[PDB]
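Student: Chains as they are written, first to last, in the entry's author numbering: chain D, 1 to 146; chain B, 1 to 146; chain A, 1 to 141; chain C, 1 to 141. The beta carbon of each residue, even a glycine, is placed where N, CA and C say it ideally should be.
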Ligand code: HEM
Ligand code: HEM
Ligand code: HEM
Ligand code: HEM
């Protein structure tokens, strides 16, 4: 993606303060709570019956950490998101059968979580830079769908 | 856009049977009838009071010919849509203030019009090819928005 | 909101479909799988080859449900109750996908109803499909 | 459908917004204009710069409408009737845009109500803004 130097530094600066383990668990848990139909991909994860059940589920936290860790990797290759995510794109299509609209919902939940976590530091311009990044990432992951 | 050689020939072959002025007036009139909020840009056009009034309005028909003629010329540049539509993208954003969602609505209405005009000749694979083209044109027109 | 005029338009157009409803249902699905390949993510268990019995059978079930809704256009929520629960609790299809199938059903009807597919009927069918979609996703959360 | 717990959650969160509702409405608009530039096409007549009084004035109007919606959460269609007419027949904002503002309002709430923005509350607020959006676009066609 196309980020001005100011958008790149905003993104990078905030991400240095993110505990991926923690944010990953929160983001994935909130996705499953707010858009419960997304639970269709996690039948084997245990109890997802209540928000409390979802949020303290260890398989949720574990997966959340995997997903954001992979997401962090793309932050390092902002100029070549498609090439960075090609293998994972094919995996999610061919093996996992995940509708790419789910990538878009996660992108939005992530933004909400950064705002919740960082408060006032997550300014309108910072959000705008993150919105371009999450859209980029979602697009990179849906790229190899067929 | 990335169309296979097969897809390009399918698009070109049907297009050769199109009466541009006629389909243009039809597609624009149907947009204004099916999604009436799109009439917001056309208050200077006169009577848009009923489906009949819209479909019969000479200003609607004239604007439809202008829009589809541009579309038509773009079909010659399938490989460089962004370049072909750059100036029009700017115009639509900066002067006309047209939300690009309107381009997507018109693209779906155009596919329905072709289907209605061609019947059985508008097969599932020919539709797929046209879907790629209308999405490509919408994207090219939304490209310079800021 | 479907106006009375909308309901009249739908009933007329659907009536014309008549006996071809299941064949049209199948064609709309094939048109969706080809135009919007991401919708295939919900059918990994199906033979999606052209004319497969699975698609033909599913096409018929979709058509019958639409017939049911046209029949009970004044009380869709009750009419599609069961289908609403199934989609919300088991299938869990993202709401976006309903818009893609609706578009492909409109294209199919257009391709088969030259006389009946006027601007006003097109508007009415679009609204009807949007209403059905809204009822089917109403119990999601 | 807003369950009794949804209604409770919404009234509690909005309760805490309190006096800042106008400030948060302006902030949400600002977030929207920066994050989704196409939304600026509806305000060619505004100064969209940071701190613009026009955005602040509009933010207050939006937030007040939301306050009225929370107050009448059981009778939203009637409470928002004049606003539904306005948007459908004059402003004619494409329905897609409502999802973008709703998201920015959620981000604004998150950034200002750390304690109150729990996952359960986040879910109730998303449902509530979707219901407000449905009401506002109900008379479009
Ligand atoms: C930022 C977007 C995402 C990224 C970078 C991402 C990345 C990953 C990675 C790295 C894996 C592990 C593959 C392995 O080692 O087996 C994975 C698996 C998986 N992902 Fe994605 N993911 C994303 C979004 C999503 C979303 C939104 C969903 C569905 C709601 C999803 C569903 C799954 C599932 C079901 C698995 C397999 C878990 C298991 O093995 O049971 N992912 N993803
Ligand atoms: C395929 C998509 C479209 C193409 C290729 C297109 C093309 C054009 C062209 C060639 C012009 C004339 C520019 C000039 O004056 O030099 C124009 C003007 C305009 N277009 Fe678009 N257009 C498209 C879609 C739309 C849509 C969907 C709307 C609104 C619903 C719209 C609204 C307008 C308006 C209001 C004008 C100015 C008309 C005037 O001043 O008479 N266009 N467009
Ligand atoms: C107009 C909208 C729709 C209608 C009326 C509809 C109706 C139906 C019906 C009648 C069934 C069979 C129920 C049964 O056998 O008990 C069904 C199942 C199903 N539908 Fe929906 N549907 C619609 C939209 C969608 C969309 C958009 C998708 C995904 C893109 C979808 C995916 C499914 C799936 C995967 C099944 C189960 C198929 C099987 O395993 O047999 N549906 N639907
Ligand atoms: C929760 C969603 C929304 C609410 C509660 C809302 C509420 C309002 C209110 C209270 C007004 C002022 C009416 C008056 O002048 O009496 C208004 C006007 C307006 N709204 Fe909406 N609105 C919403 C969403 C949107 C969106 C998403 C857009 C476009 C992106 C939009 C565009 C406008 C415009 C252009 C005006 C006229 C502004 C002016 O010229 O003063 N609205 N809205």
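Against chain B, with Cβ distances strictly below 8 angstroms, would residue 118 (chain C) count as a contact?
Tutor: Along the fourth chain, read from residue 1 onward, the residue named residue 118 (chain C) stands at position 118. Cβ-Cβ to chain B under 8 angstroms: no for residue 118 (chain C).
Student: Rounded to whole angstroms, how far is the Cβ of residue 135 (chain C) from the Cβ of residue 80 (chain C), which I believe are closer than 8 angstroms?
Tutor: Translated into the one-based positions of the fourth chain, residue 135 (chain C) becomes position 135. Translated into the one-based positions of the fourth chain, residue 80 (chain C) becomes position 80. Yes, they are in contact, since the Cβ atoms of residue 135 (chain C) and residue 80 (chain C) sit about 5 angstroms apart, within 8 angstroms.
Student: Whole angstroms are fine: how far does the CA of residue 24 (chain C) sit from the CA of residue 14 (chain C)?
Tutor: In the fourth chain, counting from the first residue as 1, residue 14 (chain C) sits at position 14. In the fourth chain, counting from the first residue as 1, residue 24 (chain C) sits at position 24. Approximately 11 angstroms, taken between the alpha carbons.
Student: Which first and last residues belong to the alpha helix (DSSP H) in which residue 140 (chain A) is found?
Tutor: As a working note, residue 140 (chain A) is residue 140 in the third chain. Where residue 140 (chain A) is concerned, there is no enclosing alpha helix (DSSP H), given that its DSSP letter is neither H nor E.
Student: Taking residue 44 (chain A) as the reference, which of D:42, D:50, D:96, D:73 has the closest Cα?
Tutor: Stepping through the third chain from its first residue, residue 44 (chain A) is reached at position 44. Closest by alpha carbon: D:96.
Student: Residues of the stretch 108-123 of chain D with a CB closer than 7 angstroms to any CB of chain C: list them in chain order, please.
Tutor: Under the 7 angstroms Cβ criterion, the stretch 108-123 of chain D contributes 108, 111, 112, 115, 116, 119, 120, 122.
Student: Could you tell me whether the stretch 116-127 of chain D touches the stretch 7-19 of chain D, where touching means 3 or more Cβ pairs closer than 8 angstroms?
Tutor: At 8 angstroms Cβ cutoff, the stretches touch.
Student: Whole-angstrom Cβ separation of residue 130 (chain D) and residue 141 (chain D), contact assumed at under 8 angstroms?
Tutor: Here residue 130 (chain D) corresponds to residue number 130 of the first chain, with the count starting at 1. Here residue 141 (chain D) corresponds to residue number 141 of the first chain, with the count starting at 1. About 16 angstroms; that fails the 8 angstroms criterion.
Student: Under 8 angstroms by Cβ, that's how I've got residue 94 (chain D) and residue 41 (chain A) pegged, so tell me the actual separation to the nearest angstrom.
Tutor: Translated into positions along the first chain, residue 94 (chain D) becomes position 94. Translated into positions along the third chain, residue 41 (chain A) becomes position 41. The Cβ separation is near 10 angstroms, so there is no contact.
Student: Counting contacts by CB-CB distance shorter than 8 angstroms, is residue 127 (chain C) in contact with chain A?
Tutor: By one-based count along the fourth chain, residue 127 (chain C) stands at place 127. Interface residue, yes.
Student: Spell out whether any CB of chain A is found under 8 angstroms from the CB atom of residue 37 (chain D).
Tutor: Position 37 of the first chain, counting from 1, holds the residue named residue 37 (chain D). Closer than 8 angstroms to some Cβ of chain A, the Cβ of residue 37 (chain D) qualifies, so yes.
Student: If you drop the 5 nearest sequence neighbours on each side, which residues of the same chain put their C-beta closer than 6 angstroms to that of residue 109 (chain D)?
Tutor: In the first chain, residue 109 (chain D) corresponds to position 109, counting from 1. Contacts found: 27, 30, 31.
Student: With a threshold of 8 angstroms, are at least 3 pairs of Cβ atoms found where one atom belongs to the stretch 28-41 of chain A and the other to the stretch 104-120 of chain A?
Tutor: Touching, per the Cβ criterion.
Student: Which residues in the same chain have their Cβ closer than 8 angstroms to the Cβ of residue 90 (chain B), if we skip the five residues on either side of it in sequence?
Tutor: Your numbering for residue 90 (chain B) matches position 90 in the second chain. Taken in chain order, the residues that qualify are 144.
Student: Let me see if you follow: with CB-CB separation under 8 angstroms, is residue 138 (chain C) close to chain A or not?
Tutor: In the fourth chain, the residue the question calls residue 138 (chain C) occupies position 138. For residue 138 (chain C), the answer is yes, since a Cβ of chain A falls inside 8 angstroms of its Cβ.
Student: Which word fits residue 155 (chain B), buried or exposed, when buried means at least 16 other C-beta atoms lie within 10 angstroms of its C-beta?
Tutor: Because chain B here runs from 1 to 146, residue 155 (chain B) falls outside it and cannot be looked at.
Student: Mapping DSSP to helix, strand and coil, what is residue 52 (chain B)?
Tutor: Numbered from 1 along the second chain, position 52 holds the residue referred to as residue 52 (chain B). If DSSP states are grouped into helix, strand and coil, residue 52 (chain B) belongs with the helices.
Student: Is DSSP giving residue 46 (chain A) helix, strand or coil here?
Tutor: In the third chain, residue 46 (chain A) corresponds to position 46, counting from 1. Looking at residue 46 (chain A) - three-state DSSP - the assignment turns out to be coil, as it is neither helix nor strand.
Student: Tell me the residue span of the alpha helix (DSSP H) that contains residue 31 (chain A).
Tutor: Sequence index remark: in the third chain, residue 31 (chain A) carries index 31 (1-based). Counting along the chain, the alpha helix (DSSP H) containing residue 31 (chain A) begins and ends at 21-35.
Student: Is residue 106 (chain A) near ligand 3, in the sense that its beta carbon is under 7 angstroms from a heavy atom of that ligand?
Tutor: Position 106 of the third chain, counted from the start, is the residue given in the question as residue 106 (chain A). Answer for residue 106 (chain A): no, Cβ out of range of ligand 3.
Student: Please classify residue 113 (chain C): does DSSP put it in a helix, a strand, or coil?
Tutor: Against the fourth chain, residue 113 (chain C) aligns to sequence position 113. Coil at residue 113 (chain C), not helix or strand.
Student: Could you give the distance in angstroms between the alpha-carbon of residue 96 (chain C) and the alpha-carbon of residue 101 (chain B)?
Tutor: Along the fourth chain, read from residue 1 onward, the residue named residue 96 (chain C) stands at position 96. Along the second chain, read from residue 1 onward, the residue named residue 101 (chain B) stands at position 101. Taking the straight line joining both Cα atoms gives about 8 angstroms.
Student: Contact check, residue 64 (chain D) vs residue 107 (chain D) under 8 angstroms by CB: the rounded distance?
Tutor: Reading the first chain from its first residue, position 64 is the one you call residue 64 (chain D). Reading the first chain from its first residue, position 107 is the one you call residue 107 (chain D). The pair is not a contact, with the Cβ atoms about 14 angstroms apart (cut-off 8 angstroms).
Student: Does the beta carbon of residue 69 (chain C) sit closer than 8 angstroms to a beta carbon anywhere in chain D?
Tutor: Numbered from 1 along the fourth chain, position 69 holds the residue referred to as residue 69 (chain C). It does not; no Cβ of chain D falls within 8 angstroms.
Student: Residue 128 (chain D) touches chain C at which residues, Cβ-Cβ below 8 angstroms?
Tutor: Position 128 of the first chain holds residue 128 (chain D). Within 8 angstroms Cβ-Cβ: 31, 34, 35.
Student: Under 8 angstroms, Cβ to Cβ, is there at least one residue of chain C near residue 101 (chain B)?
Tutor: As a first step, residue 101 (chain B) must be located in the second chain, where it is residue number 101. For residue 101 (chain B), the answer is yes, since a Cβ of chain C falls inside 8 angstroms of its Cβ.
Student: Are residue 51 (chain B) and residue 119 (chain A) close, meaning C-beta to C-beta below 8 angstroms?
Tutor: If you number the second chain from 1, residue 51 (chain B) lands on position 51. If you number the third chain from 1, residue 119 (chain A) lands on position 119. Yes. Within cutoff.
Student: Since residue 93 (chain A) is in the alpha helix (DSSP H), which residue starts that stretch and which ends it?
Tutor: Numbered from its first residue, the third chain carries residue 93 (chain A) at position 93. No alpha helix (DSSP H) holds residue 93 (chain A); DSSP gives it neither H nor E.
Student: Classify residue 127 (chain A): buried if its beta carbon has 16 or more other beta carbons within 10 angstroms, exposed otherwise.
Tutor: Position 127 of the third chain holds residue 127 (chain A). Label assigned to residue 127 (chain A): buried.
Student: Any heavy atom of ligand 2 closer than 7 angstroms to the beta-carbon of residue 69 (chain A)?
Tutor: Residue numbering aside, residue 69 (chain A) sits at position 69 when the third chain is read from its first letter. Result no, Cβ not under 7 angstroms from ligand 2.
Student: Of the choices A:140, A:130, A:141, A:137, whose alpha-carbon is the least far from that of residue 35 (chain B)?
Tutor: If you number the second chain from 1, residue 35 (chain B) lands on position 35. Comparing Cα-Cα distances from residue 35 (chain B) to each of A:140, A:130, A:141, A:137, the minimum goes to A:130.
Student: For the stretch 33-62 of chain D, list every residue whose C-beta sits within 7 angstroms of some C-beta in chain C, in sequence order.
Tutor: Result list: 33, 34, 51, 55.
Student: Residues of chain B with CB closer than 7 angstroms to the CB of residue 134 (chain C), please, in chain order.
Tutor: As a first step, residue 134 (chain C) is located in the fourth chain; it is residue number 134 there, counting from the start. What residue 134 (chain C) touches in chain B: nothing, since even the nearest Cβ is about 15 angstroms away.
Student: Strictly under 8 angstroms for the Cβ-Cβ distance: is residue 5 (chain D) near chain C by that measure?
Tutor: By 1-based counting over the first chain, the position of residue 5 (chain D) is 5. Not closer than 8 angstroms to any Cβ of chain C, the Cβ of residue 5 (chain D) fails to qualify, so no.
Student: Can you grab the Cα-Cα spacing for the pair residue 52 (chain A) / residue 22 (chain A), in whole Å?
Tutor: The residue labelled residue 52 (chain A) in the question sits at position 52 within the third chain. The residue labelled residue 22 (chain A) in the question sits at position 22 within the third chain. So the alpha carbons of these two residues sit roughly 13 angstroms apart.
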